[PDB]
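First structure 1, then structure 2: two forms of the same chain, each alone, as structure tokens.
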Structure 1
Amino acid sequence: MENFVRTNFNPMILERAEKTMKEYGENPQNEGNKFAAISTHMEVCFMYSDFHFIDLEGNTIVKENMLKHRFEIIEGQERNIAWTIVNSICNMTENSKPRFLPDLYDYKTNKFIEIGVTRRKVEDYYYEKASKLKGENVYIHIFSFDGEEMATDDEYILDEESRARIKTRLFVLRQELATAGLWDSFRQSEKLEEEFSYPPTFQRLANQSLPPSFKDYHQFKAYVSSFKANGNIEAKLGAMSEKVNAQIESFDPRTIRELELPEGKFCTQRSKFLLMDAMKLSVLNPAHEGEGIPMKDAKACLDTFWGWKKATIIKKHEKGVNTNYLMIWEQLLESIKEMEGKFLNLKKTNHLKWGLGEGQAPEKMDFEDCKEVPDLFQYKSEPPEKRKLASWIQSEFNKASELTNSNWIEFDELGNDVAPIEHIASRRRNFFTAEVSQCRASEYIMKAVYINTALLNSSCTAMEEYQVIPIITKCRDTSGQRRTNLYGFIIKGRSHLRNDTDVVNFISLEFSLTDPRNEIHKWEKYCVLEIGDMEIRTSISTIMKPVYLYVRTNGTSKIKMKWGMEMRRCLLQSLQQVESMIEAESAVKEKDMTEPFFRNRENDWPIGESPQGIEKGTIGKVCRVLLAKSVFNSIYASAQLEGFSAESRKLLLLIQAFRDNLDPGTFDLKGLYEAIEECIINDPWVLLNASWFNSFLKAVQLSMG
């Protein structure tokens, strides 16, 4: 039973027996006779090893109380712990491992001992256990409740006194198993499944998880287990209404319409810096004290201009306080004049607090401390208002594709070329650098990298300050001389950025020669001041142009700063595309086509639309146009661009399958047009891309006339 075992055995033996049964996954109730047998086996294993010590010389002392035991007990230990013991013992000597866990290890004889306890015959249980342990260097020792032993070949390594004590204990346990009635079953037990049932709460949940013609989970399991299909699909398809269909509409791009672009006011400029309208103040071969430090470079570039006048507002930010912008420029100029040290931090004046949005957030409170407020309304979630496509963004993209006189990307050096493929790659890479490094889009790349790097370092190191950050690029000229360019300044606001989308407000103040009054819808967020006059010497006649300062509040976040710092990867997206075209022709002509693509001036790729029609350009123009495309995808990144590129890619692929004569079909072309035009809202670059798709569609239709 169990209380028989709890009364006849020790605490330690019973604890190890219950732990063994818990390890195998049973209780002292479901197998109670086996709990008694496990406690008996544990008792015999302990009585084999009690009071048996080994001296400081090497011979055994059979004591009765600084000596070490003669036996390691492996029975009763946990299984992985027992295998740790067995492996440690087998690696101390060089003996083989036993394939099963034994019961004991004798340090004197250095032998693994297996203890058996039987209720049948000691001879037959010995033969069966030696059949189990066939092929090991083990030593078996079988006891029975008859009072008999049998070891391996009767070469006993345990003394007769303790063996008599073990036999006396087992004989006494036999004569106590009969003084209650529990014995004739113990002689018949010699030598399991997996249960997983539902407790009643989960069974009531399982009855409510069915198709609605079933009430009990087991009824539905019996239905599913015996299901034979008998044309259920064909019958339901016969009964299903025939308005459920995927009717194919033939796709012909000669009959499809253009994308509807939205209406409203014109789209305005939303780049973080001035692009085509930007003006540089440069220093050639800079050698001033503190050269390399951005504010010293900014002061050296400001010294090259001598035409400052009193600044006046000439184009108002219609939503702002424009006198505050004028005061911000006066404060910035006076503070640059008198700055000490490496960095310039501005005093938090009222106009500068207004421009940076100080105190504009409502103060965050807990709702426990806020329930009695009578006018707590939810934050609004209005969609963006639509904008009309304006012609400035196409002009920007035309200027971004053009070559300048300066080298904007300085590539670091490479390891030396050994393989012929590395010489071929160097030959192609020098053409790629000759097209890509002087592009205006490369200047925009380096501008964005510098601005986002400086804004991130200032946002994380000077979180409380109003730091002045000069807009700097560095280039080499045609003759290889270094040049450092200042485009204006950025005044960073407070930057306690915790979320990824957390805005740091800043103010940009950017030099320009572009009069804003000639295209005023482009400059909606700006207050443009007139700050100077500068002599421009052309070939017609040198004149005095006004120098304007474009001032606006803008805002960026850490993910935007992170992606702005990584804008040189734009150079990969262009050139990998261009090289793949060079590789494709190289596969056809069976020779390297890099030098005929870059030397044979042919105008071989459609890239433009004049009033004379589709314009062709060289492979280098294609390099610069794809580069400007990647750069403008980075500068004007938005969810509108993501949705538009994804959904208009399908229409491009349907047009391609028509021109491949693969007979393309749609199931819902109007719904696809609605998915494309859902994304064309107010972003100028998305609007220009929708216009570009319409132009490509018209060119495709004209090539089928």
Structure 2
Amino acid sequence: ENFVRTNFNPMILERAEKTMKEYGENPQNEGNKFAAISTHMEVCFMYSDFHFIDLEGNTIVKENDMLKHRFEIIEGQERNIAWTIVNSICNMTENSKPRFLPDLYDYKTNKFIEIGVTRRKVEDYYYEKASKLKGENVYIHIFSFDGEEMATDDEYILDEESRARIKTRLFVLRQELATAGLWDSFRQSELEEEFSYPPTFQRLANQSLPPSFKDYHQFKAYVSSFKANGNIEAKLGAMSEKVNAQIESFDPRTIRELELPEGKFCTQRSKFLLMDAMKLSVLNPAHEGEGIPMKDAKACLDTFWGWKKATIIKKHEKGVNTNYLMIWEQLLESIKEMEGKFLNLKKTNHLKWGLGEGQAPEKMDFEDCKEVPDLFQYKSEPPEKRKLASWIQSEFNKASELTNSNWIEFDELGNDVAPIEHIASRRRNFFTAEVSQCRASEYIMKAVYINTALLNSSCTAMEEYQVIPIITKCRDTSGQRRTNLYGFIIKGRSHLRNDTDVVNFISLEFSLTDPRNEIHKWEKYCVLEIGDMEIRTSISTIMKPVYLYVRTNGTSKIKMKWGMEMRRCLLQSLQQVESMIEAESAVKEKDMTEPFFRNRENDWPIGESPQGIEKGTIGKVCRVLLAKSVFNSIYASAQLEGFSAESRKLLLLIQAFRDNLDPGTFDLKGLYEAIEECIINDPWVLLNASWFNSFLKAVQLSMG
């Protein structure tokens, strides 16, 4: 290998090293192909060099270069750039592409040249190259170490001095190969994947076996020669009979109910008031700056005149309750004094308390605080259990009722052309007439508005205490626009990094409900009595006190992102009702939408009175499934996720009994434990567990 590194020129060494590295073999190992490729590249470069094309088109054998070359070298390059060279040449002229890669290209004759440097007879290798490379205009030009040549059709385009230098250099290299004693092995030499383990990985492989094996190759020989002879049956006879999947017969008449937890009553945890909310309205708003939320808030605020000096009538027991009073007074004073489209509050002390400014501990390093006597890790206690209270059922009752306003305004659609689009338009209009005046649609509008405004304010004003009015816009039955104000939200600082990062806000919501009639519902609220208004009724007209429910609440980026998308509750309700319509339409072989929505018979069980199971119409089913999806979105929790996933199996087992499909379990007690593990303190999960118990009692009465 030292002869090839000594006699040949280093550019030929570089070309041969690139060729062998591209082909995987090595000059240090296989050196016969190394010296053969080096001699081939030497002959090809002596063919190519010192041949130029002038500014007329004649070969002037010069030694200095402003004339372009006559030959272009395609041998020795990488294969992809060589095929790029060949393809650009053939697209420059008009010639068809050859099947193999040649060695040179002559721009004078416009021809691809092929050169093979052999260690045997010139004629045999030339006839081999001719029989192989047949079917294309390739000028084969075979040389050898004998100082002779063979060409295609006896057309010799290379000049006499270049061929004389080629033959002289080949004879000199043959004499230097023969005097050095390295010449016969050239005439003697004229899917193989390997993957073994190096020793550290071999010792790693020896320690990753079953325990009766010490060598990895011993284990390979065992696995390759394994024949089964009843190993499974022998270990099945040897296994204890306490490993079994015994089937317990499932019968809903004998199963127990879910055990709902004990403790204090569950409290309200929604981000705004639901059945207890009170709105100040402006009918057909047309004030200056209408559309801007603070302008609508001042316009709806001017409709109320019965303000007083606000007093605390229900205290938040863990809070500084006079701070909430000062917050409402500062907010009202700043609304009366504002001159713009937005409102940022001063960072007073009571507002800083209510928004939790400075409540994060100072972030330090561990060695700087190692010796603190009460440096403890964070409290990771389970949630405290709560009892089911009566208010969440009445909230769900009011959420599925009809109001007097349309709350959903849908965007425009493309025009109906197909008949199925007209069928879909009639069915969608039936569902919209059954669902747009529902109170859960009003809750959708409140939540989408609040979460949209809170997310935009949290992104754009991270250091500001922005005031966000709680505004919906509805239409009456006469079609008149109405703007409703429910109260205000004061945002805190909102440097929201993680998706679970909390922005604290203060909710201040109008109400007519006295909180002392149901105080366990309001354990997070400080309720102020802010005024009096005249409610006019059928008996007389009475001055009711107007209350303000003030609360510190918090939301995250992911929570208000999901609150922004609460209109998909409509899709869930409409999809279920439409699948129920289409199931009857496939049977009756006609469209069943108008018989469903028009025939006002009570034929769907949707409730219970003391007189038994109550039935309703399909529009009641629409509003009830809508309110269920809305309350799933409002009271979303991991408890609800676990409860729904685990109680679905009990529902499917009851359905399997009612289909006479003979249901059976393997561990019903573990299933009941997995259901009851998820019922902790969330009022909606407690109501859903009570609902499962009521459905189970109704099934047990329907059977027996």
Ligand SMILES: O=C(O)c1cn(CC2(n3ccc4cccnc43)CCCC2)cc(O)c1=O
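Sequence positions of structure 1, starting at 1, serve as the residue numbers. Just so we're on the same page, rigid core means the largest C-alpha set that superposes within 1.5 Å between forms.
Only structure 2 of the pair represents the form deposited without this ligand. Compared between structure 1 and structure 2 on the core, the listed residues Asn350, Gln577, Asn603, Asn91 keep their C-alpha shifts below 2 Å, save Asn91. With a cut-off of 2 Å and the rigid core superposed, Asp55 has a Cα displacement that reaches or exceeds the cut-off between structure 1 and structure 2. A movement of the C-alpha atom of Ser459 falling short of 2 angstroms is seen between structure 1 and structure 2 when the two forms are aligned on their rigid core. Residue displacement note: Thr152 has its CA displaced by at least 2 Å between structure 1 and structure 2 (rigid core superposed). Structural comparison between structure 1 and structure 2 after rigid-core fitting shows the C-alpha of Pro362 displaced 0.4 Å. Relative to the superposed core, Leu182 has its Cα moved 2.4 Å between structure 1 and structure 2. Taking the rigid core as reference, the CA displacement of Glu161 between structure 1 and structure 2 comes to 4.0 Å.
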